[PDB]
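Residues per chain, in single letters:
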6 protein chains.
Amino acid sequence: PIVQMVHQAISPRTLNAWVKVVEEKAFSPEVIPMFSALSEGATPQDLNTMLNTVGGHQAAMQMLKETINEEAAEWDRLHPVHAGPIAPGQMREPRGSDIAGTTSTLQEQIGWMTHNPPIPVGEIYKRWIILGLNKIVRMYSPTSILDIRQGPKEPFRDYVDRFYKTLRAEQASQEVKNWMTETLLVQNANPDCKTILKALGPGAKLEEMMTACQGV
Amino acid sequence: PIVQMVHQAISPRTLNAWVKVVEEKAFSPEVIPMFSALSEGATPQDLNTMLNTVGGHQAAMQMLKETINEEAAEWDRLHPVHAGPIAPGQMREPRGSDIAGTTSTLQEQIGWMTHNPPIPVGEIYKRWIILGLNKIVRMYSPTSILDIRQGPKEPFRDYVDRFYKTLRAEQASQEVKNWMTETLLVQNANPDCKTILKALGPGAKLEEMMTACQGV
Amino acid sequence: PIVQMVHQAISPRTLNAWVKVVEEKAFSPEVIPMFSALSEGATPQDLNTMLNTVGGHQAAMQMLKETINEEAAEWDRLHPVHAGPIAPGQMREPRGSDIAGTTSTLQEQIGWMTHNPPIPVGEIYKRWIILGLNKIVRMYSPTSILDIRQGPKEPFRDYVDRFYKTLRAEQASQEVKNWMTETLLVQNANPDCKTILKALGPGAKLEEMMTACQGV
Amino acid sequence: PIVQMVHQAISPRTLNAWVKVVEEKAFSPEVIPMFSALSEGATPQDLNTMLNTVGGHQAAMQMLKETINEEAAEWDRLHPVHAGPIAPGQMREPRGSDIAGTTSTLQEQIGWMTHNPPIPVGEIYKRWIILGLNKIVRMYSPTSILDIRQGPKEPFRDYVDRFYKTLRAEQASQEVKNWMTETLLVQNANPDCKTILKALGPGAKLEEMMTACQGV
Amino acid sequence: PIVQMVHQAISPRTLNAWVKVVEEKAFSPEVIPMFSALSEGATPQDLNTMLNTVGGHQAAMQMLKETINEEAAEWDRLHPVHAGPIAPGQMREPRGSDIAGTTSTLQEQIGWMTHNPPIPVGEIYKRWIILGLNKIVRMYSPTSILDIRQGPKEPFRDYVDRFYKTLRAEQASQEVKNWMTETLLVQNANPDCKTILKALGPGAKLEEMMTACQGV
Amino acid sequence: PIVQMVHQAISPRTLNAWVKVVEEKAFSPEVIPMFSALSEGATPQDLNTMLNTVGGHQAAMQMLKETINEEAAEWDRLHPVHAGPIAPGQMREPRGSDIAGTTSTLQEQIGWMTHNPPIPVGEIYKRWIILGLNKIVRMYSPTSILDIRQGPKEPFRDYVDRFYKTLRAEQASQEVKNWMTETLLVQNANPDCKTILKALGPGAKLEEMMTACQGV
Ligand SMILES: [Cl-]
Ligand SMILES: [Cl-]
Ligand SMILES: [Cl-]
Ligand SMILES: [Cl-]
Ligand SMILES: [Cl-]
Ligand SMILES: [Cl-]
Ligand SMILES: [Cl-]
Ligand SMILES: [Cl-]
Ligand SMILES: [Cl-]
Ligand SMILES: [Cl-]
Ligand SMILES: [Cl-]
Ligand SMILES: [Cl-]
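Residues numbered from 1 in each chain as written, not as in the entry; some residues may be left out. Chains lettered and ligands numbered in written order. Heavy atoms only, no water. Residues with missing side-chain atoms left out of burial classes, pairs and counts.

As summarised from the PDB record, the model derives from X-ray crystallography at a stated resolution of 3.296 Å.

Before going further, it helps to spend a moment on the overall build of chain A. On a plain count of helices and strands, chain A comes out with 11 helices and 2 strands. When the helices and strands of chain A are placed in sequence order, the string is β-β-α-α-α-α-α-α-α-α-α-α-α. Scaling as 2.2 N^0.38, a compact globule of 216 residues should have a C-alpha radius of gyration of about 17 Å, whereas chain A reaches 23 Å, well beyond that. For chain A, the C-alpha atoms occupy an extent of roughly 75 × 35 × 35 Å along the three principal directions. (Helix = DSSP H or I, 4+ residues; strand = E, 2+ residues; numbered from the N terminus. Rg over C-alpha atoms; globule rule 2.2 N^0.38 Å.)

This brings us to the arrangement of the chains. A gap remains between chain C and chain D, which never touch, and the nearest two C-alpha atoms on either side lie 17 Å apart. One thing to see here is that chain C and chain F don't touch, and their nearest C-alpha atoms sit 14 Å from each other. (Contact = heavy atoms within 4.5 Å.)

Moving on, we get to the interface of chain B and chain C. Facing 21 residues of chain B, the contacting portion of chain C comprises 23 residues. The biggest single contributor to the side of chain B that touches chain C is helix α8 (residues 156-168) of chain B, with 6 residues. In terms of residue class, the side of chain B that touches chain C is made up of 9 nonpolar, 3 polar and 9 charged. (Nonpolar A, V, L, I, M, F, W, Y, C, P; charged D, E, K, R; others polar.)

All names here are of chain E. Scanning all chains against the criterion turns up 6 disulfides over all chains. Two residues, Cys193 and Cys213, share a disulfide whose sulfurs are 2.0 Å apart. Taking the torsion about the sulfur-sulfur bond, which here is approximately 100 degrees, the covalent link between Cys193 and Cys213 counts as right-handed. Taken together, the positions of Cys193 in helix α10 (residues 191-199) and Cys213 in the segment after α11 (206-212) put the pair 20 residues apart, joining distant regions of the chain. Classification of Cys213 by relative accessible area gives buried; the value is 3%. (Disulfide = S-S within 2.5 Å. Buried < 20%, exposed > 50% of the residue type's maximum accessible area, 1.4 Å probe, protein only.)

This part covers the relation of the copies chain B and chain C. Superposition of the two copies of the chain requires a rotation about an axis and a shift along the axis. Rotating chain B by 60 degrees and moving it 0.0 Å along the rotation axis overlays it on chain C with an RMSD of 0.0 Å. What the rotation and shift describe, once combined, is the action of a six-fold rotation axis. No C-alpha of chain B approaches the rotation axis more nearly than that of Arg13(B), which lies at 8.3 Å. Interface residue correspondence from chain B to chain C reaches only 5%, placing this contact among heterologous pairings that use different surfaces. (Least-squares fit on C-alpha atoms.)

This part covers the interface of chain A and chain B. Counting residues at the interface gives 21 residues for chain A, matched by 23 residues for chain B. For the side of chain A that touches chain B, the secondary-structure elements that each account for two or more residues are α1 (12-25), α2 (31-38), α8 (156-168) and α11 (206-212) of chain A. Here the element with the most residues in the side of chain A that touches chain B is α8(A); it accounts for 6 residues. Broken down by class, the residue content of the side of chain A that touches chain B amounts to 9 nonpolar, 3 polar and 9 charged.

Right, let's talk about the packing of aromatic side chains for a bit. Residue and element names in this part refer to chain B. Considering all chains together, one arrives at 42 aromatic pairs over all chains under this definition. Taking the centre distance of 5.6 Å and the plane angle of 85 degrees together, the rings of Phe27 and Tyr140 count as edge-to-face. Here the residue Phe27 occupies a position in the loop between α1 (12-25) and α2 (31-38), and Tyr140 occupies one in helix α7 (residues 121-140), the gap between them amounting to 113 residues. With respect to class, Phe27 is no different from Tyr140; both count as buried. (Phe/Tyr/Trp six-rings, centres within 6.5 Å; stacked < 30°, edge-to-face > 60°.)

Our next topic: the packing of α8(A) against helix α4 (residues 58-78) of chain B. Two elements in contact, α8(A) and α4(B), have axes whose closest approach is 7 Å; the angle formed by their N-to-C orientations is 75 degrees. It follows from the interaxial angle that α8(A) and α4(B) lie roughly perpendicular. Contact with α8(A), carried on its side by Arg157(A), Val160(A), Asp161(A), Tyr164(A), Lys165(A) and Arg168(A), involves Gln58(B), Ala59(B) and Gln62(B) of α4(B) and no other residues of that element. (Axes fitted to C-alpha atoms, helices over the stretch in contact; angles between N-to-C directions. Parallel < 35°, antiparallel > 145°, perpendicular 65-115°, else oblique.)

For the coordinates displayed, the defined rule picks out 54 salt bridges over all chains. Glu108(D) is paired through a salt bridge with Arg92(D); the nearest N and O atoms lie 3.0 Å apart. Note that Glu108(D) is positioned in helix α6 (residues 106-114) and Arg92(D) in the loop between α4 (58-78) and α5 (96-99), a separation of 16 residues in sequence. Of the residues examined, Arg92(D) reaches a relative accessible area of 25% and is grouped as partly exposed. Through salt bridges that share partners, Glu70(A), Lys135(A) and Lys205(D) make up one connected network. (Salt bridge = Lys/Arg side-chain N within 4 Å of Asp/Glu carboxyl O.)

All names here are of chain D. At their nearest, the axes of helix α1 (residues 12-25) and helix α2 (residues 31-38) sit 10 Å apart, and the two run at 170 degrees to each other. Taken together, the axis directions place α1 and α2 in an arrangement best described as roughly antiparallel. Touching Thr14, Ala17, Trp18, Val21 and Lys25 of α1 are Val31, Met34, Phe35 and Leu38, all from α2. For the contact of α1 with α2, the residue count by class is 7 nonpolar, 1 polar and 1 charged.

The next subject is the relation of the copies chain A and chain B. Turning chain A through 60 degrees and shifting it by 0.0 Å along the axis lays it on chain B, with an RMSD of 0.0 Å. Here only 5% of the contact residues of chain A are again contact residues in chain B; the copies associate through non-equivalent surfaces.

In structure tokens:
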């Protein structure tokens, strides 16, 4: 990564942490914040290191390559590289493959990120990767938020855990996820607790709803 | 975080420590000082990293979003952002969502915290999070301090452990918690030790009370 | 803590070490040097972090609050805070609660410790905490040094281990602990080894005493 | 390694990580990105350290020496070292054995990497090693991509895992591996899922193919 | 400790390492180099930290206090502290208790070690501690080098292991330990190997002796 | 060690790593690169620390002292120390015992290594130690390369593993080890694979030989 702006190699324990996350949790949503966390300030090289060091799950990793290539091609469409000799004071325009690290050196990557104005290929490439990771997480979720229904004897606290766990993996904008909260959570509760929450106004927060069905 | 004031990414072992705390202890009161401890000097990004990396407990994490939004809206009410072009020497006013990190970049967050005078969005956001964590801890306590009663054969030392453990999770100002100490601890002791403490003046410290019921 | 004088947050592995010490050893005397060791250069905030992160043992932790308050009130008696506007070049006088960290910010704490002359609230507060920890260790010792008596078949080496272990937890000045060494150790040995040591002059060191009863 | 450009010794936990990788995973493809990751900025000495610290697998390690020697001899052919006294302001031309670290000191290696223009013997030698590691990985793969055939009841997700795992270890340019993707993956699927994918156009991505055979 | 000369607190993992050494190995000779290793550059405070954090083995730790006091009193005899006001440019003369850390502050200890000329109380105190540790190691050795005799079927390699293990814990100058090597090792070998070594000249090295009795 | 050139103490985890290597692997060849790796930039003091912290294996450690003394005496023969007062601008000539660390201080060792021109007692002493370690490794190998013979049903890959493992511990120059490769490996293969390799020209690499006997 790059700290403060002095270059540093990806640490052994960053690597080990990332490797273990995928080993332990496969593609559960929280893997992604962890990914971003362990790659704070990461170069494309550091980002590529993390992806290639994943053993197994190679159907997903292949999917991730495809998504990244789609984003790379789109970058090239909007940002066409121009023909000409790169003058002494400047550095060349990055293509999608330079951003994904496959066709650029670390020094070029260090150059782009540090030059003023900053051209943050690290944060750009990270978005393409995270974009592709969501496609995987969302695909690898077996259940839909529509299927989360409260069991007749399930403590509300546990039903809300399943709902917002499954919700976290859905492909939905904030407004669609907002709609699912205001509609389905109460809609799919079991009759006894469903009634209790209905008596609460139709704009009450989860705290009021959870404490309401705590005894029931 | 930010040390001394040079920016640094949240460390692998900070992350791992925070993850393990929630895995091991759920929402026991001590999780919160640990949270604050592991987030000393944390940016909103670092704070958001920690929250999103929590797997499970998503009913609480949803509650935490709601509390944070309440505090954010309140910030916007008192601090309305003004319309105008941000002059070269200055930086824009932060909204609640900039403080919660959802709508601000790391550089803006670094800018606000370091600019003089300091605008500590990190310490502000941390208070909103801790505010929301208390609501969770307090809700997730099964027992009330009123229900902690000394068993007939329970060593006082163990009864006081249960009392101040349960007390730690109560929603109460210092004065209310002071009242509970001076009233309930002795009130709810078992007859044999209850009598012994009554003979002590009614302003004696826990040391005098614990050593008093040590034999009994 | 503060190193060399640049501020630093309490480290994850300091925290983990302190947490584990209390988990593993409760309040055995050695916990206290460990405490001081892990808090070298600690601010009141860092000191408070360590105390609050202790789960369980809340009867003792409550006792520790009371001791700290006694020391704080005494500080206020000798050092009364004066009324007046704090001039630009100076910083305010710390109260007991500022030293205990409950009513002071980190920057004020950094200010006091670094300003010349140094006002070491960290080392002051640490003494109050250690004072309160001794009250706990000493209270939580089941046995008195007076009760350590050598068994008829106990190797002297093991009897001396029990004596100076139990001695370490006693409330006694160095002179009283010196008296206990010169009186009780030999006094409470078993007849066979007791005689052997009596033949040695009455000012011989533990090395001479231990090697004397090695065969017996 | 060399950071930012200040020399540093290979860390204990780098060493331990590399040792454990070979112990746990033998020569699975991901060992290689890990190798490159743990050797970021590595000198030939640091690279040699990692190779020699491998216990066992000495048939492969011998193969690795042979590959490195082939690359070294080729370096000497294109870059013949010239006879003459090395002038005060300059440093000598590196041979293949200087690049492989066997005949050069750390200071000469530090000199070459830091001198301007940079002569990156570390990154050169690393390529020879990685070249030799691929020969090993590829040789030590038992299966060919041609032999990966979907079982009649195997979930497509698992068949694609085996395909791209085995593909990762193949000796093939990107174009040959591209051909294998577009030809064999669908060709070697089982009849039921093979048909389903055939109905999709013949240019659809893995995401479309995997989601297509998810029910079947 | 003090690095390069900037002060640093004793690290958590130094502490943990030292604690574990005594837990695992009691007072086997190698504990002592470890002690010196973990205390490289240690202040008396850092040295005292390590000693006090030892739980158990308190008969030895008491012995260690006594040895340290003997060395301290001897220091005071040769270096008597003089009466007078310490001038502005100077610092006071250290007593034995200042060197042992019991009566000196860290700053005084930092002052003495860094002032020119250097007054290394750390390295002085460390010698007193190591002096006292040897008395313990040597006392706690059950066996004498005189009692190490080769068993009739013991491989020489194992007999030499026992000899130089037991030798390491003996109270003997280098010349006395040299005499024990040249005399007892061969003297106390078993008849078959004893004869074999006797045929070798009486000045042959352990390598020649060990390889000589390898078959027998 | 010394980094970049600023002095540093040997790290806890270096120590622990070295201790564990000897515990786990005794004197297998790879211990030696590990030794060199963990002692990169090591002073004689740091080198002595590592040797003395080895518990057990004291027959070998004694052998190591003897080898080091032989190399030390040889140093003294070629480099006789001269009589005279060491002038203010200079430092004394190191003897063998100063290089082995037994008769020199850390500062003298820091002085020699840093003074220009550099007098690298660390790298000199390390060679003496490594010299002595090879004598141990080679002695402690039970088998000779001559005795490694392929079993009738042993996969060639496993026979080559045993050959180059055992070869690694042999006392032989590169030319003698080259001869053993070109002669014995094929000579001592089993009849079926021995024939197969004979059909290959008599200058084919291990890759060609291993892939040749892969089916057989
Ligand atoms: Cl994210
Ligand atoms: Cl990629
Ligand atoms: Cl807090
Ligand atoms: Cl949030
Ligand atoms: Cl203490
Ligand atoms: Cl407190
Ligand atoms: Cl690679
Ligand atoms: Cl090599
Ligand atoms: Cl030593
Ligand atoms: Cl002491
Ligand atoms: Cl080596
Ligand atoms: Cl030595």
